[PDB]
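Heads up, the chain shows up twice below as structure tokens, two forms, tagged structure 1 and structure 2.
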Structure 1
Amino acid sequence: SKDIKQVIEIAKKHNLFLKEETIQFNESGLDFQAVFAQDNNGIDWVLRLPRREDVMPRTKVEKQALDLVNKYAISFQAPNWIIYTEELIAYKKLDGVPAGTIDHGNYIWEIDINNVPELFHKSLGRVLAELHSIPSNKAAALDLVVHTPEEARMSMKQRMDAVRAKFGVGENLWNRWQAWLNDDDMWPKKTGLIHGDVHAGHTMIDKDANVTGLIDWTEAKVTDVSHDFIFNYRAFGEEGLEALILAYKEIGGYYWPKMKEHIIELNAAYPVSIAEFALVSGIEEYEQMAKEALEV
């Protein structure tokens, strides 16, 4: 195959020598095609073949976030792009498997959704508490979005007005959104470095369902940490949200009395993210997903 021979040559050009029979393709990918391959010392790698120009400006923020994680974090792994060029990005595969993969819509689960091991919530609590306390201020140059607690609140307020302008928002839903925005007690008084896209496809687990790593850091930023709890609530209901909040609080993560209620209101604002995604991607189902999510 030509594809295979191409993978081999781009790797070879970056001093990566692979077993040809181990090369698997993960279908593009507007930005890049993911390729998995084992080098000749037997080490599993992940390759990102770029499909757009300006790889460096487009990956700058994700790389800065990864540099912070690889410099500070010990409880979990993250991609370490030891090959980082316009022609190729490559990192040694993280240990474990995704807790679940998105259907190519629904999850194909690796854990028992009806009997979630408590170690998943315990280890994820430790992982996010460490992540969210990484000292991103100590970096000389950070191009991530950085919110104070009040900036994180206005950001949501503005993002909500913009979605209402392009799609409209159901009256009951909009009133809920506004009530949340206008409740001082609910909002966190501390922000932190977040992953931004925490879900089962990005949480690497070992055999015991300990979360051992996190992939795909494109949504990283310094803002409300609550975004990283939403998956537990969507996938596992109130029990899994509480279990995660409990472990995060007891290992030292920033906790506030209305944390659960705040995260649940952030969940009701998920149509904002779906609307925003439908806007910068043009994929037809997400417009219908957006419109139906907005109750319009």
Structure 2
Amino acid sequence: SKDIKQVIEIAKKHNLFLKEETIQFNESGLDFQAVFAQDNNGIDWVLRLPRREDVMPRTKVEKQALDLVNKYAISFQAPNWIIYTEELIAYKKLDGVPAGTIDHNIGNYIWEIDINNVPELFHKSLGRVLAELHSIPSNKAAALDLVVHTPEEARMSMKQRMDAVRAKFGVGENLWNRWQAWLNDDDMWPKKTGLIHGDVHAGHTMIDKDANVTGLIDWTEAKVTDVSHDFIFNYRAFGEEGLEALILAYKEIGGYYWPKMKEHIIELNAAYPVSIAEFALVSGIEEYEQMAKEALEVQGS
């Protein structure tokens, strides 16, 4: 209605000319509302209409990350914010579809990944993608505002996050002991860091009809750190088998490998309660405070 033209008008002041009749809306989170549309050449676009000021400084890092990945990576797509203003952020839609279920819709047509029948190409192509991504020059990231860890900084970071969560909620004795055993085991910790995506899940992985990964979306957590974060999805969704398949493909295409790689990722998975507790602190939401204490194995009732 009055919204549609408003979009058409905002587009014109940024040199983007749309077909009024193709527009679809999507999630309007705390920060922006999303719009789908075609331009007059038939190309599909994603438009973000901000609904809060500070949209520039909030997105600066993600825009730097997206520009870096676009410059260096050629075996997968990432959003390329070729309109980047206070009024409008817009990019050409990536190829393919997000893996997994397509929620928030009528009908129940597209379902979650079937772990009994994962195509081998899925793990192989994700290993290709992560190996290329993690090889992007960290020196170039360091010239930007991204967080850049050495391997010792990544280890210290985990140590510090664990201490901060313990100070707020406490942590069960056996779990704390397991976390500290991991932190103190030199053989577990990688001796290299690389640029990660930082938010790898099924819904952030774009796939083609053969389940080849063609792109990744949602890059707000990108940083140079322990690459192990980007293997967690495979372990949680596909078990040890899917984790091992991804490690093998990554290792074979030339990604950094170390002998305790798989065991380290599983210990990092066992530190998931740190992240639940961090969200409970940041959000203040009672449900996640409850979830954080059970996951931290604090004796409850």
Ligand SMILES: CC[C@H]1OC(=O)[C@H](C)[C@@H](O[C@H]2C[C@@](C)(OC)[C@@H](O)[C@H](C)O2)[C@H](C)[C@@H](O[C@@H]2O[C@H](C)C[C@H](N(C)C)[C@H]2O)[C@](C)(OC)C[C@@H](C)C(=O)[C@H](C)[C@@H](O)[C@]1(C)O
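FYI, numbering is relative to structure 1, first residue = 1. The term rigid core refers to the most C-alpha atoms you can superpose between the two forms while keeping them within 1.5 Å.
Note on provenance: structure 2 matches the form deposited without clarithromycin. Following superposition on the rigid core between structures 1 and 2, the residue from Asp183, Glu86, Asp143, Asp112 with a C-alpha displacement of 2 angstroms or more is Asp112, and no other. With both forms fitted on their core, the C-alpha atom of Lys13 sits 2.4 Å from where it sits in the other form; this compares the forms between structures 1 and 2.
Its Cα shifted by 0.1 Å, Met204 is compared between structures 1 and 2 on a rigid core fit.
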